[PDB]
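**Q** Take this structure, written in structure tokens, and hold onto it; I'll ask about it next.
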Amino acid sequence: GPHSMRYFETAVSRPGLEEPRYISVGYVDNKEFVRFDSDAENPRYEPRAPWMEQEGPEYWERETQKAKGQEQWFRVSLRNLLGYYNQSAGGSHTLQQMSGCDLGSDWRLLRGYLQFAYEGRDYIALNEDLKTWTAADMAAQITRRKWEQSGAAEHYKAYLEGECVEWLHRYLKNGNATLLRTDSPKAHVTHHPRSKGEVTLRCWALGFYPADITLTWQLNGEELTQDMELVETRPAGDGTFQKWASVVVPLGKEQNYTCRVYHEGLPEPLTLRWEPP
Amino acid sequence: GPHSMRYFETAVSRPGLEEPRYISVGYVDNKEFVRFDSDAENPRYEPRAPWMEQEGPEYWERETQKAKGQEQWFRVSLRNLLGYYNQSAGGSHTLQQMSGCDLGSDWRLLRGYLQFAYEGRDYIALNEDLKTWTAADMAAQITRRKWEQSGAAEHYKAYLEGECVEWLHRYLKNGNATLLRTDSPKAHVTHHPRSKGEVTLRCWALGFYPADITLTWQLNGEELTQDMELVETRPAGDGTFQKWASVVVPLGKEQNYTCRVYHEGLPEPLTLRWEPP
Amino acid sequence: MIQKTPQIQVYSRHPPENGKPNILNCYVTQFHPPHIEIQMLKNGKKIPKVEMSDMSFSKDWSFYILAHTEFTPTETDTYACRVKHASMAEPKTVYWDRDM
Amino acid sequence: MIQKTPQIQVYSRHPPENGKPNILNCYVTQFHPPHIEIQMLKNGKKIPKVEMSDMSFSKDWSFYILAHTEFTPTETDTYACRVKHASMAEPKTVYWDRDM
Amino acid sequence: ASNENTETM
Amino acid sequence: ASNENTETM
């Protein structure tokens, strides 16, 4: 399967106080692995995955020191941004960054990744080429023109193809057991009676990991594209996920309808129907 | 047919200058009929439709004097909002307002209308009931409670069902000739060759008023649903409109396709197809 | 000024069973700015000692938090989750419905 | 911070006919903030004495302006409309294409 | 004929 | 392992 590493950095300008709240969150295969939060009593990078504990208090120190340097980069970039958008504020402003790399199944680098957002809107992003930039608006053009002169793209390229990849290999090697793991969904259909001789058939999919799942309802062997009601894949809280899909079907004609659950953790795709005792 | 009157008011904060640019635009049946602009040498309401000239110099005076009153309402509103949204800046800020009334064919009032927007997004609106308010966000909730206490809804109700309607009747009475007026579209099909042995057929509809028009492409009785490309009805500049609809069709099979133009200014709907020299 | 409306989901960790201790989750998502207020309530009375996830955001830049409290579902006891956010005019209250 | 992307349309008032004097319109819509910069150019050189409509907005709150200039279409002469807006990183240049 | 808003925002 | 951004915004 493919692998990814991402650092989800957030800087929230606090009005009054003259330093933001920096929050760097590390993910390896979409699973939180490390985390940094400036709002902590003793701010430092912490393991958020067990396999991350194999790392020496030496490694944490190198990262924590990087966070301190970012905590500043944001503060300045925040200030400068507030200028470009004429926002002089005793109001909070939020700058977010997503950096990292995607790998194939062979662990060979596929894509370098670097995006920035101001106020929840895309600001600037380095293109797939890891050479050119794309600015969202006129204010973002200042940063583009600033970074084209700086040659800043080259350092990010160097990190994303170099450090990012080399590192991700270590993490994948170290977390293999935890990472290769899949929790299969445990499904079931629930019968929810209603008016006009109709029933809601809820196909539940529970305790599965990864969050990627497909739920389909079938009448005699034809998908119910627009009839169907989903829910956004929600975390159980125990590390697994939940999702459900429902269809309004006429009474008695229940077993005419079939639910199919497609997940990578399944030994084969689950085919279900309302089983009344 | 149904009738409407609207006042589209805009206040654009000028950084430094402590008075925005107020612009009130009056529309009767979606046609601009009066206009006020603070940026004018001598700011006053000006007749934007010929039939508006039948009013006396006092109608203009009553309106111009109202405008001066609004210009102030906006300044303050615009300040208070910058307050609510911690924007305290010398960055332009734009507050808009749409107020008016819709009438049936019988000229009886259907609906009262009052919408406000800050920075392009909805801020607050008075509901169809002309009694209750709907705030877009937390800052808008301040204005809601502020206006629930003020009893401000009641005055707007009084205007929208009273003044707005009474006035609209005058305007419709006075503008009848100009309002019932229609310029029929003059149509034609243009042949635009392309790759893969295909031609794009552009059905043009030009110099028509009102802007409401329907353009359809037909393959021997069947009305085309998706192979159709439609441009947004654009103003010719002379008071009339233009629109066009195009279809990608296999070569030679040119005259299998027919365009139909539906407009109220037409003695009957135009049925036309590709005329090759 | 990009105020994104929070999307709430109130649900149990494990399938509800009256009298069986469970965990009630309140999944807030699709919001921005990150500052939010999440209350969880039993019969309308705010539940004290409510555990909350750490600050995470999604590929689309929206933030997400997972509030959850220990709860023992009953036929009578009503649970809900109340959210105050800059993007909303008034607090959205989403009630737990054991069927979803 | 609600920056809406301007939609441009470049077209003639009357159907183009080489050597027949006409009017070239540049219909800019769907934008916000209202501050915009609309240039109209012949062979790339900015056309001086360009007439512009008054400040109007739509039911969706977006602003719209109609720039237009007197022009005499030729086989050789190429016309275009350049728009600078806060919402765009760089100016959108829409060329007149007599076929649309 | 236009209206005049009462209370400010 | 995180990266450190070079030039500020």
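The residues of chain A that appear here are 25-301 by Swiss-Prot count, in order.
Here the Cβ of each residue, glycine as well, is placed from N, Cα and C on the backbone.
These came from Swiss-Prot, pasted as-is:
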| type | residues | note |
| --- | --- | --- |
| REGION | A:25-114 | region 'Alpha-1' |
| CARBOHYD | A:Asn110 | N-linked glycosylation site |
| REGION | A:115-206 | region 'Alpha-2' |
| DISULFID | A:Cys125-A:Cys188 | disulfide bond |
| CARBOHYD | A:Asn200 | N-linked glycosylation site |
| REGION | A:207-298 | region 'Alpha-3' |
| DOMAIN | A:209-297 | domain 'Ig-like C1-type' |
| DISULFID | A:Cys227-A:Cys283 | disulfide bond |
| CARBOHYD | A:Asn280 | N-linked glycosylation site |
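Help me picture where these features are in the structure shown.
**A** The Cβ of A:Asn110 (N-linked glycosylation site) lies under 8 Å from the Cβ of no residue that sits 6+ residues away along the same chain.
Less than 8 angstroms from the CB of A:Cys125 (disulfide bond) sit A:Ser28, A:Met29, A:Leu133, A:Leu134, A:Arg135, A:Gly136, A:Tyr137, A:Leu184, A:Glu185, A:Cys188, A:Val189, A:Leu192, each of them six or more residues away in the same chain.
Taking all protein chains in view, 11 other C-beta atoms sit within 10 angstroms of the C-beta of A:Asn200 (N-linked glycosylation site).
In the three-state DSSP reading, A:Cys227 (disulfide bond) counts as strand. Around A:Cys227 (disulfide bond), the same-chain residues at least 6 positions away in sequence with a Cβ under 8 Å from its Cβ are A:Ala211, A:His212, A:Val213, A:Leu239, A:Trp241, A:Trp268, A:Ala269, A:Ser270, A:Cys283, A:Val285, A:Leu296.
In the three-state DSSP scheme, A:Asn280 (N-linked glycosylation site) falls into the helix class.
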**Q** Given A:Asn200 (N-linked glycosylation site) and A:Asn280 (N-linked glycosylation site), what distance in Å do their CA atoms have, once rounded to a whole number?
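**A** Counting only the Cα atoms, the answer is 43 Å.
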**Q** Please give me the CB contact count at 10 A for A:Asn280 (N-linked glycosylation site), counting all chains in the structure.
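**A** I get 13 for this one.
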**Q** What subset of the recorded positions A:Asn110, A:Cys125, A:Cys188, A:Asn200, A:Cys227, A:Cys283 has a Cβ sitting under 8 Å from a Cβ of chain B?
**A** A:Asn110
